[PDB]
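Peer 1: This is the structure I have questions about; it appears just below.
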Amino acid sequence: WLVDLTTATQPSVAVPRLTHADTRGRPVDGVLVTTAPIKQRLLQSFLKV
Amino acid sequence: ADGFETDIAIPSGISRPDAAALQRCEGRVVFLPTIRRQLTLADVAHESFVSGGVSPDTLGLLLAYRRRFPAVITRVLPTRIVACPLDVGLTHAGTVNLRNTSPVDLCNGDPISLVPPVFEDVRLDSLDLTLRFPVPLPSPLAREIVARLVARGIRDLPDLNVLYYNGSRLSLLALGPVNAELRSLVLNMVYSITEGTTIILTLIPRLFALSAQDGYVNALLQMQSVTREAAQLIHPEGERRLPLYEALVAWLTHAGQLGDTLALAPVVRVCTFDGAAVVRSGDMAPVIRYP
Amino acid sequence: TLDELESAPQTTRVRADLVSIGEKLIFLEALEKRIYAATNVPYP
Amino acid sequence: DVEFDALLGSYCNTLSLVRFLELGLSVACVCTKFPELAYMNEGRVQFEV
Amino acid sequence: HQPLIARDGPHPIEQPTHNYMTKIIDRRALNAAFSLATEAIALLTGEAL
């Protein structure tokens with residue numbers, strides 16, 4: 001179901017010049033926006049920080 | 001500066017014929033919900049006055065214009081419509097041009113009230129709304145012209161069309177849908193007056209039955225007087241009871257409802273300066289509100 | 001009437017949250033303490 | 001009063017990168033090309049068993 | 001750029017479709033209020049100093 005969030009949208013034009021990069025990592029490809037109590041569930045279970 | 005100006009934003013998608021009519025409507029009266037800087041044009045249009053379901057009639061437009069707030073459009077940018085409200089923005093500036101939609105000419109020093117377009121139209125195609133502009137005609141005619149159109153509706157259940165102001169003819173008849181648009185005002189007249197002329201006739205059981213022209217004056221004068229003799233000149237003092245005292249209150253509220261409607265207060269007075277006194281149809285007239 | 005953007009890179013470190021989902025790193029924040037804390041505004 | 005007619009940045013360039021060999025479906029193929037083919041009527045393949 | 005396929009049938013594709021999309025943006029404008037009191041004006045101006 002979480003993969004269904006990531007695969008239901010097409011990669012969209014256009015590329016930015018100033019890509020939001022990580023420490024030693026690939027640039028960020030998407031943003032989740034959740035409420036406060038769901039975020040506590042999605043970190044103590046099902047996912048890693 | 002310190003002048004107040006409402007800014008009405010037009011949604012984009014205007015066709016070249018549609019902006020030309022909005023270019024032409026420079027000095028006109030436009031209502032709005034609340035005094036505010038920025039505002040959409042959807043609250044300006046005639047579609048915003050509806051209750052259903054139902055496009056509002058002449059009675060509702062008189063009721064709306066108390067709650068709506070009058071404003072006169074200034075110069076019309078292609079970006080936005082800049083209009084100033086009458087009741088707050090004009091107290092600092094003092095002078096606003098105003099074009100008549102009325103066929104009746106304006107003399108100097110006249111008080112002008114606003115009348116909904118019952119005397120007898122702009123619609124926009126691309127933006128899907130209508131515009132109805134009220135008629136700025138003078139306030140002594142305003143109590144007349146409304147009451148002439150009511151008198152026609154009582155005849156639906158001599159000439160009423162004659163109205164000669166400052167040396168000019170007027171034709172009220174000019175037809176079909178004007179009569180049915182005004183039908184709701186006619187019924188609240190007759191229901192108010194006949195309920196008036198039963199309760200007074202029940203509290204005084206012999207107004208009509210009293211003798212003519214000399215006893216009635218003697219009954220009038222003692223009632224007209226100021227002296228302490230008041231209540232013994234009035235009142236007449238299983239079976240059902242006429243609910244008179246409750247019918248007092250329901251009639252007084254209905255009469256008290258129509259006092260705000262048919263006052264037609266002088267919102268606008270015109271002071272002609274550096275020009276002709278007579279302001280005719282399609283001419284910008286300067287406006288000075290009460291200080 | 002034709003004009004083009006000018007952008008300059010000035011990167012700073014920001015405390016945030018990164019979640020790996022599938023094949024791409026996904027950003028995740030909640031926006032309660034940062035924004036809308038103690039206002040009269042509903043959370044949309 | 002200022003009027004502007006502005007066209008913004010045309011930020012849409014759709015790119016398509018195709019190579020049949022970058023697809024590993026060419027494992028399932030024997031791709032050879034005739035530099036000119038269409039003159040030929042009937043090519044045949046002999047199997048000896 | 002609409003991507004295309006040469007379909008195996010010799011039936012004609014009759015036309016490809018390649019066109020330009022134009023979108024009107026929208027506009028909204030924000031609001032705030034800063035209001036100051038009566039006597040705060042003269043103190044900033046200096047009338048009550």
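Following the order of the structure tokens, first chain is A, next is B, and so on, with residues numbered from 1 inside each chain and ligands from 1 in the order they appear.
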Could you tell me which residues of chain A sit within 7 Å of chain C when counting only C-alpha atoms, and give me the result as an mmCIF file with N, CA and C atoms, in the first residue's frame?
Peer 2:
```cif
data_model
loop_
_atom_site.group_PDB
_atom_site.id
_atom_site.type_symbol
_atom_site.label_atom_id
_atom_site.label_comp_id
_atom_site.auth_asym_id
_atom_site.auth_seq_id
_atom_site.Cartn_x
_atom_site.Cartn_y
_atom_site.Cartn_z
ATOM 1 N N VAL A 3 3.881 1.337 -1.387
ATOM 2 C CA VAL A 3 4.417 1.356 -2.745
ATOM 3 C C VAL A 3 3.384 1.920 -3.712
ATOM 4 N N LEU A 18 18.913 22.756 -8.653
ATOM 5 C CA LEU A 18 19.403 22.833 -7.286
ATOM 6 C C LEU A 18 18.874 21.694 -6.428
ATOM 7 N N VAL A 28 16.382 13.702 -3.260
ATOM 8 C CA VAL A 28 15.073 13.294 -2.758
ATOM 9 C C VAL A 28 14.075 13.307 -3.908
ATOM 10 N N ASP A 29 13.287 12.241 -4.023
ATOM 11 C CA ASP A 29 12.389 12.074 -5.155
ATOM 12 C C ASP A 29 10.924 12.283 -4.811
ATOM 13 N N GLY A 30 10.590 12.544 -3.555
ATOM 14 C CA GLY A 30 9.194 12.714 -3.196
ATOM 15 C C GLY A 30 9.046 13.080 -1.737
ATOM 16 N N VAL A 31 7.867 13.616 -1.419
ATOM 17 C CA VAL A 31 7.570 14.157 -0.096
ATOM 18 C C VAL A 31 6.252 13.571 0.388
ATOM 19 N N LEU A 32 6.283 12.872 1.519
ATOM 20 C CA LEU A 32 5.054 12.526 2.214
ATOM 21 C C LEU A 32 4.690 13.612 3.216
ATOM 22 N N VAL A 33 3.388 13.832 3.368
ATOM 23 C CA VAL A 33 2.855 14.754 4.365
ATOM 24 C C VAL A 33 1.778 14.018 5.144
ATOM 25 N N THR A 34 2.051 13.734 6.414
ATOM 26 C CA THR A 34 1.124 12.987 7.247
ATOM 27 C C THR A 34 0.771 13.818 8.467
ATOM 28 N N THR A 35 -0.235 13.358 9.199
ATOM 29 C CA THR A 35 -0.539 13.971 10.477
ATOM 30 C C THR A 35 0.451 13.500 11.535
ATOM 31 N N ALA A 36 0.358 14.118 12.711
ATOM 32 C CA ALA A 36 1.240 13.764 13.823
ATOM 33 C C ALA A 36 1.102 12.322 14.322
ATOM 34 N N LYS A 39 2.535 9.469 11.940
ATOM 35 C CA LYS A 39 3.991 9.455 11.829
ATOM 36 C C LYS A 39 4.638 8.644 12.945
ATOM 37 N N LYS A 48 12.077 2.450 8.469
ATOM 38 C CA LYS A 48 13.272 2.862 9.186
ATOM 39 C C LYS A 48 13.593 4.324 8.908
ATOM 40 N N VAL A 49 14.191 4.972 9.907
ATOM 41 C CA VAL A 49 14.656 6.338 9.741
ATOM 42 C C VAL A 49 16.064 6.323 9.147
#
```
Peer 1: Excluding residue B:78 and residues on its chain fewer than 6 positions from it, collect all residues at most 10 Å away from it, counting only C-alpha atoms, and give them as a list in words.
Peer 2: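 Final neighbour list, sorted by chain and number: residues 9, 10, 14, 19, 22 and 23 of chain B; 1, 2 and 3 of chain D.
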Peer 1: Could you save the residues just selected, with C-alpha atoms, as a PDB file, in the first residue's frame?
Peer 2:
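Output saved as result.pdb:
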```pdb
ATOM      1  CA  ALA B   9     -10.668  41.048  -9.311  1.00  0.00           C
ATOM      2  CA  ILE B  10     -11.989  39.767 -12.641  1.00  0.00           C
ATOM      3  CA  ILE B  14     -12.551  37.554 -20.961  1.00  0.00           C
ATOM      4  CA  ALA B  19     -14.406  43.671 -21.819  1.00  0.00           C
ATOM      5  CA  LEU B  22     -17.283  46.489 -18.795  1.00  0.00           C
ATOM      6  CA  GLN B  23     -15.218  49.358 -20.202  1.00  0.00           C
TER       7      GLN B  23
ATOM      8  CA  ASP D   1      -1.572  51.845 -15.060  1.00  0.00           C
ATOM      9  CA  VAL D   2       0.734  49.153 -16.466  1.00  0.00           C
ATOM     10  CA  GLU D   3      -0.365  46.277 -18.714  1.00  0.00           C
TER      11      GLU D   3
END
```
Peer 1: Which one is closest to chain E: D:29, D:37, D:18, D:49? Count only C-alpha atoms.
Peer 2: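 When distances to chain E are compared using only C-alpha atoms, the smallest one comes from D:18.
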Peer 1: Please return, as a list in words, all residues of chain D lying within 10 Å of chain C when only C-alpha atoms are considered.
Peer 2: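 The answer, sorted by residue number, is residues 4, 5, 6, 7, 8, 9 and 10 of chain D.
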Peer 1: With a distance threshold of 12 Å and counting only C-alpha atoms, extract the residues of chain B near chain D and express them as an MDAnalysis selection string.
Peer 2: chainID B and resid 75:80
Peer 1: Taking only C-alpha atoms into account, what are the residues of chain E at most 12 Å from chain D, put as an MDAnalysis selection string?
Peer 2: chainID E and resid 1:5 18 20:25
Peer 1: Let me see the file: selected residues, N, CA, C and O atoms, as a CSV table (one decimal), in the first residue's frame.
Peer 2:
```csv
chain,number,residue,atom,x,y,z
E,1,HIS,N,6.3,15.7,-26.4
E,1,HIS,CA,6.6,14.8,-27.6
E,1,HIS,C,5.9,13.5,-27.3
E,1,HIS,O,6.2,12.8,-26.4
E,2,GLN,N,4.8,13.2,-28.0
E,2,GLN,CA,4.1,12.0,-27.9
E,2,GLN,C,4.9,10.8,-28.4
E,2,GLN,O,5.3,10.9,-29.6
E,3,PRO,N,5.3,9.8,-27.6
E,3,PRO,CA,6.1,8.7,-28.1
E,3,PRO,C,5.2,7.8,-29.0
E,3,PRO,O,4.0,7.6,-28.8
E,4,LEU,N,5.9,7.2,-30.0
E,4,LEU,CA,5.2,6.4,-31.0
E,4,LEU,C,5.7,5.0,-31.1
E,4,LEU,O,6.8,4.7,-30.7
E,5,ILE,N,4.9,4.2,-31.7
E,5,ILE,CA,5.2,2.8,-32.0
E,5,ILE,C,4.8,2.5,-33.5
E,5,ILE,O,3.7,2.9,-34.0
E,18,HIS,N,1.4,15.7,-32.2
E,18,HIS,CA,2.4,16.4,-31.4
E,18,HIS,C,1.9,17.9,-31.4
E,18,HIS,O,1.9,18.6,-32.4
E,20,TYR,N,1.2,21.6,-28.5
E,20,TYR,CA,1.6,22.4,-27.4
E,20,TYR,C,0.5,22.6,-26.4
E,20,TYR,O,-0.6,22.8,-26.8
E,21,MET,N,0.8,22.4,-25.1
E,21,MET,CA,-0.2,22.6,-24.0
E,21,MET,C,0.1,24.0,-23.4
E,21,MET,O,1.3,24.3,-23.1
E,22,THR,N,-0.9,24.8,-23.2
E,22,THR,CA,-0.8,26.1,-22.6
E,22,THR,C,-1.8,26.1,-21.4
E,22,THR,O,-3.0,25.8,-21.6
E,23,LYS,N,-1.3,26.6,-20.3
E,23,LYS,CA,-2.1,26.6,-19.0
E,23,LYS,C,-2.0,28.0,-18.4
E,23,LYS,O,-0.9,28.5,-18.2
E,24,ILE,N,-3.2,28.5,-18.1
E,24,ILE,CA,-3.3,29.8,-17.4
E,24,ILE,C,-3.1,29.5,-15.9
E,24,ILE,O,-3.6,28.5,-15.4
E,25,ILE,N,-2.3,30.3,-15.2
E,25,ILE,CA,-1.7,29.9,-14.0
E,25,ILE,C,-2.7,29.8,-12.8
E,25,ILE,O,-3.2,28.7,-12.5
```
Peer 1: Nearest to chain B: which of E:8, E:14, E:39, E:26 is it, counting only C-alpha atoms?
Peer 2: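 Going through E:8, E:14, E:39, E:26 one by one, the smallest distance to chain B is for E:26.
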Peer 1: Run DSSP on the backbone and grab whatever in chain A lands in strand (DSSP E or B); send it over as an NGL selection string.
Peer 2: :A and (22 or 25 or 30-33)
Peer 1: Keeping only C-alpha atoms, take the residues you just selected and write them out as a CSV table (one decimal), in the first residue's frame.
Peer 2:
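So the final result, stored in selection-v8.csv, reads:
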```csv
chain,number,residue,atom,x,y,z
A,22,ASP,CA,21.4,14.2,0.9
A,25,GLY,CA,23.0,10.2,-0.9
A,30,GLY,CA,9.2,12.7,-3.2
A,31,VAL,CA,7.6,14.2,-0.1
A,32,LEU,CA,5.1,12.5,2.2
A,33,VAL,CA,2.9,14.8,4.4
```
Peer 1: Take atom CA of residue B:274 and atom CA of residue B:30 and report the distance between them in Å, one decimal.
Peer 2: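 Computed distance, atom CA of residue B:274 to atom CA of residue B:30, equals 27.0 Å.
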Peer 1: Determine, for each residue of chain A having at least one atom at most 10 Å from an atom of chain D, the closest pair of atoms and their separation in Å to one decimal, counting only C-alpha atoms; order by chain and ascending number, as JSON lines.
Peer 2:
```
{"residue": "A:12", "atom": "CA", "partner": "D:12", "partner_atom": "CA", "distance": 8.9}
{"residue": "A:13", "atom": "CA", "partner": "D:12", "partner_atom": "CA", "distance": 5.5}
{"residue": "A:14", "atom": "CA", "partner": "D:12", "partner_atom": "CA", "distance": 5.8}
{"residue": "A:15", "atom": "CA", "partner": "D:11", "partner_atom": "CA", "distance": 8.7}
{"residue": "A:16", "atom": "CA", "partner": "D:11", "partner_atom": "CA", "distance": 9.9}
```
Peer 1: Could you give me, as a PyMOL selection string, the residues within 9 Å of residue B:87, counting only C-alpha atoms and dropping anything in the same chain fewer than 5 positions from it?
Peer 2: chain B and resi 69-71+267+289
Peer 1: Filtering to N, CA and C atoms, could you give me those residues as an mmCIF file, in the first residue's frame?
Peer 2:
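again23.cif written:
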```
data_model
loop_
_atom_site.group_PDB
_atom_site.id
_atom_site.type_symbol
_atom_site.label_atom_id
_atom_site.label_comp_id
_atom_site.auth_asym_id
_atom_site.auth_seq_id
_atom_site.Cartn_x
_atom_site.Cartn_y
_atom_site.Cartn_z
ATOM 1 N N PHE B 69 -24.089 46.741 0.442
ATOM 2 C CA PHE B 69 -23.463 48.021 0.698
ATOM 3 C C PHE B 69 -23.186 48.738 -0.615
ATOM 4 N N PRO B 70 -23.683 49.958 -0.791
ATOM 5 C CA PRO B 70 -23.588 50.609 -2.100
ATOM 6 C C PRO B 70 -22.188 51.126 -2.377
ATOM 7 N N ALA B 71 -21.764 50.971 -3.626
ATOM 8 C CA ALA B 71 -20.465 51.447 -4.065
ATOM 9 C C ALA B 71 -20.580 51.905 -5.509
ATOM 10 N N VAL B 267 -29.272 58.537 0.059
ATOM 11 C CA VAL B 267 -27.868 58.156 0.162
ATOM 12 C C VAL B 267 -26.977 59.205 -0.496
ATOM 13 N N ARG B 289 -21.692 63.432 -0.278
ATOM 14 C CA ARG B 289 -22.449 62.826 0.803
ATOM 15 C C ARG B 289 -22.565 63.832 1.955
#
```
Peer 1: Could you give me, as a CSV table (one decimal) with C-alpha atoms, in the first residue's frame, the residues within 10 Å of residue B:276, counting only C-alpha atoms and dropping anything in the same chain fewer than 4 positions from it?
Peer 2:
```csv
chain,number,residue,atom,x,y,z
B,107,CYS,CA,-31.4,69.3,-10.9
B,108,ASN,CA,-28.9,70.7,-8.6
B,272,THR,CA,-23.2,70.7,-9.6
B,280,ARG,CA,-29.4,64.7,-18.1
```
Peer 1: How would you write, as a ChimeraX atom specification, the set of residues in stretch 211-246 of chain B that DSSP gives as helix (DSSP H, G or I)?
Peer 2: /B:215-224,231-233,244-246
Peer 1: In Å, with one decimal, what is the gap from atom CA of residue B:46 to atom CA of residue B:132?
Peer 2: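 Taking atom CA of residue B:46 as the start and atom CA of residue B:132 as the end point, the length is 6.1 Å.
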Peer 1: Set the cut-off to 9 Å and count only C-alpha atoms: what are the residues of chain B that reach chain E? Output as a list in words.
Peer 2: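 Residues of chain B within 9 Å of chain E, counting only C-alpha atoms: residues 11, 12 and 38 of chain B.
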Peer 1: Set the distance at 12 Å and use only C-alpha atoms: which residues neighbour residue B:63 once local chain neighbours fewer than 6 positions away are removed? I'd like the list as a ChimeraX atom specification.
Peer 2: /B:49,56-57,69,115-116,185,257-264
Peer 1: Export, as a PDB file, in the first residue's frame, the selected residues with C-alpha atoms.
Peer 2:
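New file selection_37.pdb:
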```
ATOM      1  CA  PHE B  49     -28.573  37.521  -4.629  1.00  0.00           C
ATOM      2  CA  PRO B  56     -34.927  37.305  -6.349  1.00  0.00           C
ATOM      3  CA  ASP B  57     -37.827  39.604  -7.123  1.00  0.00           C
ATOM      4  CA  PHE B  69     -23.463  48.021   0.698  1.00  0.00           C
ATOM      5  CA  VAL B 115     -34.213  51.962  -6.952  1.00  0.00           C
ATOM      6  CA  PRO B 116     -33.881  48.409  -8.311  1.00  0.00           C
ATOM      7  CA  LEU B 185     -44.917  43.696  -3.192  1.00  0.00           C
ATOM      8  CA  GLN B 257     -40.612  45.420   8.275  1.00  0.00           C
ATOM      9  CA  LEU B 258     -41.823  47.640   5.445  1.00  0.00           C
ATOM     10  CA  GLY B 259     -40.566  50.844   7.066  1.00  0.00           C
ATOM     11  CA  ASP B 260     -36.962  49.940   6.283  1.00  0.00           C
ATOM     12  CA  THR B 261     -37.910  48.853   2.760  1.00  0.00           C
ATOM     13  CA  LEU B 262     -39.873  51.851   1.508  1.00  0.00           C
ATOM     14  CA  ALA B 263     -38.022  54.685   3.212  1.00  0.00           C
ATOM     15  CA  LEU B 264     -35.585  54.938   0.255  1.00  0.00           C
TER      16      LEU B 264
END
```
